[PDB]
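All values below were derived from every heavy atom in this structure, side-chain atoms included, with hydrogens, water molecules and symmetry-related copies excluded. Each chain gets a letter, A, B and so on, in the order the sequences are listed, and its residues count up from 1. Whatever order the structure lists them in is the order used to number ligands and atoms, beginning at 1.
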Amino acid sequence: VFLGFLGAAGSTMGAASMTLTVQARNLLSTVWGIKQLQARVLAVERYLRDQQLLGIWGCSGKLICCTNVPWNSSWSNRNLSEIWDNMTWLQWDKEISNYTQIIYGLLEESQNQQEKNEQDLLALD
Amino acid sequence: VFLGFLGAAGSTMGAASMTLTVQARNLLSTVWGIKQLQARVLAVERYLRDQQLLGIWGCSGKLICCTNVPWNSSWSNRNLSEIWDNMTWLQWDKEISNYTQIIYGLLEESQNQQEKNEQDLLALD
Amino acid sequence: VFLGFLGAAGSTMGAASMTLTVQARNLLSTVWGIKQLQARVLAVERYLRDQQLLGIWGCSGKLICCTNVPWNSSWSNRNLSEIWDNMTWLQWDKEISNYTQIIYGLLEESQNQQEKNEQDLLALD
Amino acid sequence: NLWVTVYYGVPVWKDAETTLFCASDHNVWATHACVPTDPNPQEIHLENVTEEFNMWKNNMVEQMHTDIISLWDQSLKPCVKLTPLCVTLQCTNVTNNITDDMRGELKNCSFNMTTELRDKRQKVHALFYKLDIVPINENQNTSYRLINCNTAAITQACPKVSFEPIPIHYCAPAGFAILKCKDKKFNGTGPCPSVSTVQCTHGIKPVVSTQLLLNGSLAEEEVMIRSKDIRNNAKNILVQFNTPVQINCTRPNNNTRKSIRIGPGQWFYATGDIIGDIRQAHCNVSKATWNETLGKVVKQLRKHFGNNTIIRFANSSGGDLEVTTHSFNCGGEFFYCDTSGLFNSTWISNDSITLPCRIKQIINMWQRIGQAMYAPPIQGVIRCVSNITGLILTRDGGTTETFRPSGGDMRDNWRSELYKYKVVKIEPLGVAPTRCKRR
Amino acid sequence: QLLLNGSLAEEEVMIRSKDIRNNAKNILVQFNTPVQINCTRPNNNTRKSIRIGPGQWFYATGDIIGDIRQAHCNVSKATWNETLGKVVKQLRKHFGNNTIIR
Amino acid sequence: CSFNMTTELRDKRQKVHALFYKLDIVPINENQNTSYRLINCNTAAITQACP
Amino acid sequence: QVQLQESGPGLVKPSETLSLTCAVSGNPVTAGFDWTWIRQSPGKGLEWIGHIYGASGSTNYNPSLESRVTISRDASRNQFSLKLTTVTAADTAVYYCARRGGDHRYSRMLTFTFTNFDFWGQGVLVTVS
Amino acid sequence: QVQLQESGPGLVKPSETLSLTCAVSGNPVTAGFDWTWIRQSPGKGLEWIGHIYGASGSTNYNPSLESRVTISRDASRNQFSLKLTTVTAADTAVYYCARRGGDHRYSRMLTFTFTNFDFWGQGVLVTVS
Amino acid sequence: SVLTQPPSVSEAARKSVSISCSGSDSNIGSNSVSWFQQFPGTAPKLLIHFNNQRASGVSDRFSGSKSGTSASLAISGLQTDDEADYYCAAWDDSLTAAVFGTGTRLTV
Ligand SMILES: *[C@@H]1O[C@H](CO)[C@@H](O[C@@H]2O[C@H](CO)[C@@H](O[C@@H]3O[C@H](CO)[C@@H](O)[C@H](O[C@H]4O[C@H](CO)[C@@H](O)[C@H](O)[C@@H]4O)[C@@H]3O)[C@H](O)[C@H]2NC(C)=O)[C@H](O)[C@H]1NC(C)=O
Ligand SMILES: *[C@@H]1O[C@H](CO)[C@@H](O[C@@H]2O[C@H](CO)[C@@H](O)[C@H](O)[C@H]2NC(C)=O)[C@H](O)[C@H]1NC(C)=O
Ligand SMILES: *[C@@H]1O[C@H](CO)[C@@H](O)[C@H](O)[C@H]1NC(C)=O
Ligand SMILES: *[C@@H]1O[C@H](CO)[C@@H](O)[C@H](O)[C@H]1NC(C)=O
Ligand SMILES: *[C@@H]1O[C@H](CO)[C@@H](O)[C@H](O)[C@H]1NC(C)=O
Ligand SMILES: *[C@@H]1O[C@H](CO)[C@@H](O)[C@H](O)[C@H]1NC(C)=O
Ligand SMILES: *[C@@H]1O[C@H](CO)[C@@H](O)[C@H](O)[C@H]1NC(C)=O
Ligand SMILES: *[C@@H]1O[C@H](CO)[C@@H](O)[C@H](O)[C@H]1NC(C)=O
Ligand SMILES: *[C@@H]1O[C@H](CO)[C@@H](O)[C@H](O)[C@H]1NC(C)=O
Ligand SMILES: *[C@@H]1O[C@H](CO)[C@@H](O)[C@H](O)[C@H]1NC(C)=O
Ligand SMILES: *[C@@H]1O[C@H](CO)[C@@H](O)[C@H](O)[C@H]1NC(C)=O
Ligand SMILES: *[C@@H]1O[C@H](CO)[C@@H](O)[C@H](O)[C@H]1NC(C)=O
Ligand SMILES: *[C@@H]1O[C@H](CO)[C@@H](O)[C@H](O)[C@H]1NC(C)=O
Ligand SMILES: *[C@@H]1O[C@H](CO)[C@@H](O)[C@H](O)[C@H]1NC(C)=O
Ligand SMILES: *[C@@H]1O[C@H](CO)[C@@H](O)[C@H](O)[C@H]1NC(C)=O
Ligand SMILES: *[C@@H]1O[C@H](CO)[C@@H](O)[C@H](O)[C@H]1NC(C)=O
Ligand SMILES: *[C@@H]1O[C@H](CO)[C@@H](O)[C@H](O)[C@H]1NC(C)=O
Ligand SMILES: *[C@@H]1O[C@H](CO)[C@@H](O)[C@H](O)[C@H]1NC(C)=O
Ligand SMILES: *[C@@H]1O[C@H](CO)[C@@H](O)[C@H](O)[C@H]1NC(C)=O
Ligand SMILES: *[C@@H]1O[C@H](CO)[C@@H](O)[C@H](O)[C@H]1NC(C)=O
Ligand SMILES: *[C@@H]1O[C@H](CO)[C@@H](O)[C@H](O)[C@H]1NC(C)=O
Ligand SMILES: *[C@@H]1O[C@H](CO)[C@@H](O)[C@H](O)[C@H]1NC(C)=O
Ligand SMILES: *[C@@H]1O[C@H](CO)[C@@H](O)[C@H](O)[C@H]1NC(C)=O
Ligand SMILES: *[C@@H]1O[C@H](CO)[C@@H](O)[C@H](O)[C@H]1NC(C)=O
Ligand SMILES: *[C@@H]1O[C@H](CO)[C@@H](O)[C@H](O)[C@H]1NC(C)=O
Ligand SMILES: *[C@@H]1O[C@H](CO)[C@@H](O)[C@H](O)[C@H]1NC(C)=O
Ligand SMILES: *[C@@H]1O[C@H](CO)[C@@H](O)[C@H](O)[C@H]1NC(C)=O
Ligand SMILES: *[C@@H]1O[C@H](CO)[C@@H](O)[C@H](O)[C@H]1NC(C)=O
């Protein structure tokens with residue numbers, strides 16, 4: 001599955017959003033028989049932790065997932081052309097690295113929990 | 001992520017249902033390099049087995065999931081105030097421990113399988 | 001959970017599609033402490049790779065999942081009675097084994113990616 | 001019209017080779033390392049499933065071979081090493097009353113052995129079998145050495161660790177399954193119309209023997225003849241009996257055990273002496289039962305080699321003790337029995353048998369280089385009653401056919417138990433056309 | 001001292017160091033052409049096997065057949081001098097165009 | 001170098017000779033009495049590489 | 001008792017492979033005996049080439065010849081053979097097949113080191129030219 | 001050939017750290033030589049303090065001093081130095097720097113144990129007061 | 001390796017002759033010695049094995065022994081039909097190969 005892996009790394013965020021399955025397929029798989037086994041276990045744990053997050057936001061089973069959390073201009077003020085047409089994901093990740101623990105909290109600690117309780121309350125009616 | 005973990009254990013089931021992500025985030029991660037590795041593998045397997053169930057019922061990617069399986073008064077006869085407002089999850093788990101292999105069967109062996117075949121038959125029309 | 005496992009292997013594909021949870025539950029769980037641990041890790045990795053595919057197609061959390069990929073008569077020309085009423089899954093798997101890397105590509109590399117972008121574009125309106 | 005639909009949990013599998021784990025219900029085989037078995041194991045008949053089996057291309061046998069060798073090595077690693085025994089021995093004739101059958105079989109060897117103190121030596125004497133003792137020169141000056149001293153280090157087996165085979169169950173890891181062939185007439189290869197899936201195999205005792213298969217499974221209906229190629233004389237023929245032949249083996253000598261301290265907590269267990277007279281070890285089989293068993297074997301061999309063929313049974317051609325005898329572990333003692341009295345007949349289409357046995361204390365299983373095991377003496381009189389459940393035969397090769405016992409390899413004793421099991425990998429993800437379209 | 005059977009520089013001899021002005025660091029010089037070195041042990045040596053224990057063999061020199069000559073390595077004089085000329089040009093790029101490289 | 005080497009039997013010794021390089025041999029004393037030791041014997045155990 | 005008979009080319013050219021087959025009458029090649037090849041250069045003494053153990057297929061070769069010698073058996077013909085590669089002038093010799101034998105009364109640990117070549121054939125004179 | 005020269009404070013107070021630097025002219029401090037420090041108390045014999053191996057940076061110290069002694073080298077100055085902590089009255093001595101040397105014809109396994117201090121400086125008299 | 005033997009021996013008929021064999025501690029001093037009788041034009045005949053075991057078909061005139069790293073073949077009562085090349089052999093444990101001697105030509 002090492003075909004096209006990270007090929008879009010230098011591409012803009014828009015162009016690089018059409019290759020998400022290429023990278024996704026490359027995330028998941030005697031002292032020599034222990035250290036490499038630990039690496040395999042670590043890879044599994046890392047995969048599942050990201051899957052656990054995606055699930056905590058209602059983004060389970062999705063590579064592109066939208067929510068009800070507004071974008072705060074204090075995180076980034078760039079336009080949509082300066083993000084998806086004139087910037088790469090590496091540059092964006094560097095720009096937004098100070099806010100990823102805030103956004104994730106809003107994804108988990110505000111939305112989805114409210115959405116799940118609201119769905120629970122709409123289903124009783 | 002060990003912040004608030006089990007803090008709601010002594011809280012009522014209702015109050016303790018708003019902290020599901022707190023416990024969920026704490027479930028997933030030379031003889032000394034083997035035994036602890038086995039523990040890590042075991043933790044992964046336990047996580048996936050619960051995820052496998054949640055998926056077998058159509059509750060995948062959800063922390064709160066509703067179904068079409070009626071509650072049987074033979075399992076519990078308590079009201080909704082005596083469960084969600086005046087009881088904890090530890091007390092409930094002790095009360096319902098004799099029925100969890102029946103309910104799960106109804107979740108897997110009756111509903112969802114029927115739901116999936118019904119969806120399969122509605123999609124052909 | 002080794003109850004009914006592969007019991008439908010000799011049954012027709014239709015009859016054998018009602019036992020998917022029986023096999024699904026049996027897929028997931030000092031040199032002697034390493035080799036068997038590797039087997040456990042391998043089983044987890046194999047499980048997750050199939051789960052990763054099911055997710056790449058929008059079939060996450062489902063045992064029966066329908067898509068928008070048409071069936072090509074060049075893959076098989078048999079009718080629906082000659083597949084679901086007069087054939088087993090072992091015979092079908094042997095018949096279709098030369099096309100599984102084409103169909104999967106259509107499931108990943110054509111549909112779902114288009115579906116996800118279309119959903120992304122319908123949600124902005 | 002039709003759309004691709006995916007089914008996960010599909011009862012489909014492919015042939016696969018994986019690592020199976022062991023289960024079991026002070027033993028050379030680590031039955032405490034294996035996981036406890038299920039008190040009520042499940043077997044699910046796979047109705048209308050036909051599966052092609054091949055006992056000669058079966059990774060379960062190679063795995064069992066590797067695991068048995070590993071377990072034996074693991075048992076010997078913490079046991080007393082007999083490094084100080086490679087000294088010149090002064091061996092004379094045993095002074096007890098020795099039957100002519102054993103004249104010269106035992107020698108009374110004196111030697112200078114180490115002690116718990118490195119500046120002190122002790123004079124030790126012990127009885128040794130001729131098979132374990134090699135002359136140093138031609139001159140009969142009593143100077144002898146142990147057979148292993150030129151080529152291998154020798155380690156003493158722990159006297160508290162049993163050599164008794166305990167049934168081992170092989171279990172598939174999750175995502176894999178073991179298929180069992182239930183066809184009573186299945187000859188080890190080809191289609192099997194009656195197949196079931198099991199959690200684990202039956203309990204297979206790790207019995208190691210040559211020529212005769214002991215304490216194995218019996219054929220459900222008829223004596224079975226199995227070979228990789230019945231016309232290729234380089235292959236062994238495994239004969240599975242449908243009735244056991246009882247073999248009564250004994251070591252009639254009432255042996256003692258002499259404990260010599262050779263270092264700090266390192267004890268060497270020597271024969272010491274023999275109480276009473278000295279008689280030859282032997283095995284008895286019923287003459288009539290054996291002859292009936294061979295009659296059945298020749299009928300089944302004629303089914304392959306011709307109805308009017310003269311089936312001759314001849315003895316092991318020769319070379320050395322191990323290849324020419326029926327070897328086995330009886331009560332901790334290693335017997336090497338002369339089976340030429342069993343395979344000495346001509347069958348033309350138209351009381352008891354006593355097998356002399358030799359005993360050896362220096363054991364080299366699986367013909368290893370650089371290592372050997374010393375089997376401590378077992379006190380008293382050894383008696384074993386075993387079931388002969390099959391034969392390992394080779395065809396003479398080069399009107400008549402002649403068969404001889406063969407030692408084969410150890411992937412013949414276990415192969416005769418694992419012949420009905422296959423390991424497959426589950427392929428739960430399938431694609432099929434349906435009329436179901438995604439919204 | 002000398003790097004053997006490694007990779008060659010694609011274009012020019014490369015001078016690499018953690019800190020080119022810190023004399024406690026090593027300088028790795030990567031050649032763009034190999035210099036062939038022919039090494040030999042001209043003595044026709046025997047091997048004497050001595051058993052020192054049960055299956056434990058010690059392998060001794062034993063003796064030498066013929067005369068005894070010194071082991072040595074040869075390099076081409078011109079190729080080596082050309083290689084060092086390239087090395088000093090690349091070193092001068094770091095230490096000065098008018099520096100005497102010894 | 002000549003030396004008394006062990007044999008397959010612990011009660012027997014053999015006289016062995018071998019050539020050694022000067023680099024592997026360290027004098028025991030100044031007196032040129034032919035007594036030498038291997039360079040490693042004071043500080044390390046020596047293991048033979050498998051041929 | 002046991003009759004051995006060599007058969008094969010009497011002349012091989014330089015750099016070719018010499019293949020000699022020894023037929024065994026009266027004793028299976030699957031027997032636990034060391035089936036050996038020995039050669040004698042003209043005017044010289046006997047040189048052992050190697051053996052194959054009939055009951056296992058394990059082989060042993062003369063260390064000076066090992067890289068150029070393959071020994072095998074064929075139970076369906078009751079034959080064993082020597083395949084000597086890259087023959088040179090030094091390989092001219094009378095080649096004999098033999099049975100190392102052993103003693104069935106002794107352990108393999110001892111009979112492995114026996115040189116009791118009880119049965120010999122007549123030999124094939126092979127000239128490398 | 002090789003010129004060593006000690007330089008540092010001639011007086012250190014109790015409980016302070018004594019730092020002496022030896023400049024090396026004519027021989028790199030990155031050479032595989034043991035650069036040593038040796039001291040001689042007034043009226044007493046020579047006492048070895050320790051060394052640093054120039055080609056690796058590995059050091060060895062007198063076990064009675066080791067917990068209070070650091071030896072290092074600086075290739076950019078071609079100097080090596082002694083850092084002696086918690087000085088007391090017993091530390092008054094003439095401190096010398098030396099090159100252990102060795103023999104390039106012998107293996108390190110042997111030249112490690114040489115005491116052939118071929119080159120010496122003149123020494124610094126250090127009074128603890 | 002090779003086992004050293006006299007290049008030839010000569011003795012009168014009806015007298016005894018002894019053909020020596022000299023090896024090393026890796027063969028004669030470890031393993032047993034066998035002896036063969038080779039006549040010109042044919043394959044060698046085994047005479048003695050396991051140091052002093054006489055092969056079937058061999059007369060009582062032939063006997064032998066092994067001591068240390070040396071071995072010998074004693075031929076008593078020499079007949080004129082005993083003129084032959086006699087060879088010794090031993091298994092060499094350092095080579096893991098059988099080694100034959102140089103061969104001794106006996107004439108009567
Ligand atoms: C084929 O199967 C048969 C039956 O299972 C088997 O024969 C049995 O062998 C075992 C072990 O050799 C015998 O058990 C022994 O019996 C003697 C009788 O005196 C006891 O003294 C033994 O106890 C000693 O050894 C123990 C080892 O753990 C010690 O713990 C104990 O303290 C004593 O030191 C032991 O109980 C059993 O009696 C026989 N049964 C029969 C009917 O002969 C046979 O060996 C198997 N064949 C093969 C090839 O495996
Ligand atoms: C084996 O040999 C030993 C001697 O090496 C025998 O032990 C001797 O037996 C006689 C019997 O009268 C005693 O008088 C001696 O004092 C014993 N000596 C020792 C050292 O034990 C032993 O009996 C022999 N065993 C056999 C079976 O022949
Ligand atoms: C690299 O940038 C150029 C424009 O400078 C663009 O045309 C090209 O597509 C980019 N590469 C990738 C992989 O997107
Ligand atoms: C955006 O972030 C700032 C802090 O930088 C915060 O004060 C503000 O409230 C945030 N916006 C919203 C809508 O919460
Ligand atoms: C966003 O768009 C405006 C309008 O064209 C442009 O001036 C600006 O540079 C863009 N990016 C930024 C910095 O907001
Ligand atoms: C992130 O925060 C650090 C301070 O912790 C600051 O130095 C850095 O510039 C910030 N980056 C961005 C993109 O704001
Ligand atoms: C414990 O019980 C008291 C009432 O007795 C309640 O007010 C309090 O919130 C409970 N603690 C938690 C963590 O819910
Ligand atoms: C509730 O459980 C009882 C058994 O305790 C059973 O008889 C009854 O049918 C169950 N209710 C329903 C609706 O199935
Ligand atoms: C349920 O509600 C009723 C009505 O208030 C009350 O009497 C009862 O105690 C509650 N719990 C039980 C035991 O059903
Ligand atoms: C569960 O069943 C056990 C008997 O197996 C019984 O003793 C226990 O009281 C039951 N618990 C409940 C809450 O019904
Ligand atoms: C096997 O085939 C028969 C018809 O030949 C059918 O009735 C039976 O149900 C099949 N078995 C299974 C398990 O479906
Ligand atoms: C079906 O497969 C054939 C190749 O076998 C291909 O040419 C054809 O276009 C496929 N059908 C569709 C609808 O793409
Ligand atoms: C499909 O149905 C037709 C109509 O009954 C039948 O003739 C045919 O055999 C079936 N299967 C195939 C081969 O298409
Ligand atoms: C699959 O392709 C192979 C050639 O690679 C061919 O031999 C085989 O018959 C094909 N199977 C089917 C069902 O088309
Ligand atoms: C030992 O017994 C053997 C039996 O063959 C005999 O030949 C030999 O002379 C005896 N040696 C003695 C007297 O110990
Ligand atoms: C034991 O050693 C002594 C010499 O120390 C020797 O005379 C005696 O014969 C040896 N005994 C044996 C049995 O080898
Ligand atoms: C075993 O049965 C297969 C057919 O399944 C046959 O081809 C083979 O010759 C048989 N072999 C023996 C030895 O019976
Ligand atoms: C075997 O049979 C013989 C017959 O003479 C008898 O003496 C002996 O005791 C028997 N031994 C066994 C093992 O039954
Ligand atoms: C074996 O011994 C038993 C008694 O323990 C006896 O009944 C049986 O007949 C014997 N079998 C043979 C073959 O001697
Ligand atoms: C075995 O039985 C056959 C007849 O089936 C008979 O001819 C033969 O002599 C018997 N052999 C013995 C040893 O009883
Ligand atoms: C087979 O029997 C013969 C006597 O008939 C015997 O000479 C030979 O040694 C035996 N073979 C074995 C078991 O070595
Ligand atoms: C083999 O049988 C013959 C008679 O057919 C008999 O004379 C001979 O002694 C038997 N051999 C053995 C070892 O029982
Ligand atoms: C061996 O002989 C001793 C003599 O003291 C006796 O007590 C014991 O019972 C005998 N053992 C056997 C198994 O014959
Ligand atoms: C031998 O087989 C019989 C068959 O009835 C069985 O009862 C007995 O337990 C078996 N004995 C052994 C030693 O396995
Ligand atoms: C090296 O060159 C010298 C020049 O005299 C020559 O004698 C020698 O054989 C050469 N050795 C190698 C390794 O080429
Ligand atoms: C090394 O040897 C080869 C011949 O094998 C020769 O062509 C080459 O010039 C030699 N190189 C040197 C530097 O001596
Ligand atoms: C190397 O080349 C330089 C000129 O580039 C020359 O001056 C020098 O003498 C040469 N050295 C040798 C050893 O050829
Ligand atoms: C070997 O040991 C003897 C004394 O046992 C001694 O005289 C001789 O010199 C030693 N030889 C060597 C080479 O050390």
Side-chain angles (χ1 to χ4, degrees), chain C residues 4 6-19 22 85-90, chain D residues 11 26-29 31 44-50 84-92 107-114 120-126 136 141-145 157-167 193-197 203-217 244-251 254 257 269 283-284 326-335 337 357 376-389 413, chain F residues 9-12:
Chain C
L6 304 176
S11 297
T12 61
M13 290 171 67
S17 295
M18 293 188 281
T19 57
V22 175
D85 260 310
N86 289 302
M87 176 175 271
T88 69
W89 280 101
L90 290 166
Chain D
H26 293 84
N27 192 286
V28 74
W29 296 289
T31 61
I44 301 169
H45 188 68
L46 305 178
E47 185 178 358
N48 303 338
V49 176
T50 299
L85 273 66
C86 284
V87 297
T88 305
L89 305 175
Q90 298 294 301
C91 304
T92 189
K107 293 185 178 292
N108 191 22
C109 299
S110 296
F111 49 92
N112 284 301
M113 182 56 66
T114 60
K120 182 180 181 181
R121 297 290 182 274
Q122 57 181 318
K123 184 179 175 182
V124 177
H125 63 273
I136 293 168
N141 62 9
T142 79
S143 293
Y144 296 80
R145 62 175 178 84
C158 291
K160 299 293 186 180
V161 178
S162 176
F163 291 105
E164 185 180 10
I166 297 171
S194 180
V195 181
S196 64
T197 182
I204 299 170
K205 290 184 176 183
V207 178
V208 177
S209 70
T210 60
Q211 296 189 13
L212 305 179
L213 301 174
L214 302 176
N215 292 359
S217 295
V245 180
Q246 187 174 68
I247 182 164
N248 291 24
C249 296
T250 188
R251 197 278 307 283
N254 183 12
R257 178 183 287 174
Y269 302 107
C283 299
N284 286 357
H326 171 208
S327 64
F328 57 98
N329 184 318
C330 177
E333 294 287 353
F334 290 80
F335 283 57
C337 299
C357 304
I378 305 300
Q379 296 188 85
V381 175
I382 305 300
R383 298 178 179 85
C384 299
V385 180
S386 298
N387 284 5
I388 301 167
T389 59
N413 293 334
Chain F
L9 300 179
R10 290 170 64 85
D11 57 332
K12 182 180 181 181

Is_contact(atom 23 (O) of ligand 1), protein non-hydrogen, under 4.0 Å: no
For atom 49 (C) of ligand 1, closest protein heavy-atom neighbour: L214(D) CD1, 3.5 Å
Residue pair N215(D) / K205(D): nearest heavy atoms and the distance that separates them: O-CD, 4.4 Å
Nearest atoms (heavy-atom pairs only) where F163(D) meets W29(D): O-CZ3, 3.1 Å
Taking atom 39 (C) of ligand 1 as the reference point, the nearest protein heavy atom with its distance: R383(D) O, 4.9 Å
Heavy-atom pair with the smallest gap, counting every atom of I166(D) and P206(D): O-CD, 3.2 Å
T88(D) and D11(F) side chains, donor-acceptor separation under 3.5 Å: yes
Minimum-distance pair of heavy atoms, taken over all atoms of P376(D) and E333(D): O-OE2, 4.4 Å
Non-hydrogen side-chain atoms of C109(D) and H125(D) separated by less than 4.5 Å: no
Minimum-distance pair of heavy atoms, taken over all atoms of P84(D) and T114(D): CB-OG1, 3.5 Å
Under 4.0 Å to a heavy atom of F111(D) - the qualifying atoms of ligand 16, by number: 13 (C)
Stepwise side chain to side chain contact (heavy atoms under 4.5 Å, CB included) check, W89(C) with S17(C): CA-CA 9 Å; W89(C) 280 101; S17(C) 295; 3.8 Å; yes
Per-atom contact, atom 46 (C) of ligand 1, protein heavy atoms, under 4.0 angstrom: yes
pair check: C283(D) + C249(D), SG-SG < 2.5 Å: yes
Identity and separation of the nearest protein heavy atom to atom 44 (C) of ligand 1: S386(D) OG, 3.5 Å
Atom 48 (C) of ligand 1 - nearest protein heavy atom and its distance: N215(D) ND2, 3.5 Å
Shell of residues surrounding ligand 11, defined by a 4.0 angstrom heavy-atom cut-off that is strict: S11(C), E47(D), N48(D)
Heavy atom of the protein closest to atom 28 (O) of ligand 1 (residue, atom name, distance): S162(D) CB, 4.1 Å
Closest approach of any protein heavy atom to atom 7 (O) of ligand 1, naming residue and atom: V385(D) O, 4.1 Å
Atom 5 (O) of ligand 1: nearest protein contact (heavy atom, Å): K205(D) NZ, 4.3 Å
Distance-only side-chain donor-acceptor flag, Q90(D) / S143(D), under 3.5 Å: yes
Shortest non-hydrogen contact from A8(C) toward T19(C): CB-OG1, 3.5 Å
Closest approach of any protein heavy atom to atom 9 (O) of ligand 1, naming residue and atom: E164(D) OE2, 4.4 Å
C384(D) and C330(D) SG atoms under 2.5 angstrom apart: yes
Main-chain N/O of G380(D) paired to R251(D) side chain as donor or acceptor, under 3.5 Å: yes
Per-atom contacts, ligand 16 versus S110(D) - under 4.0 Å to a heavy atom: 13 (C)
Under-4.0 Å heavy-atom contact between protein and atom 3 (C) of ligand 1: yes
Option nearest atom 12 (O) of ligand 1 (shortest heavy-atom distance, choices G332(D), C384(D), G331(D)): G331(D)
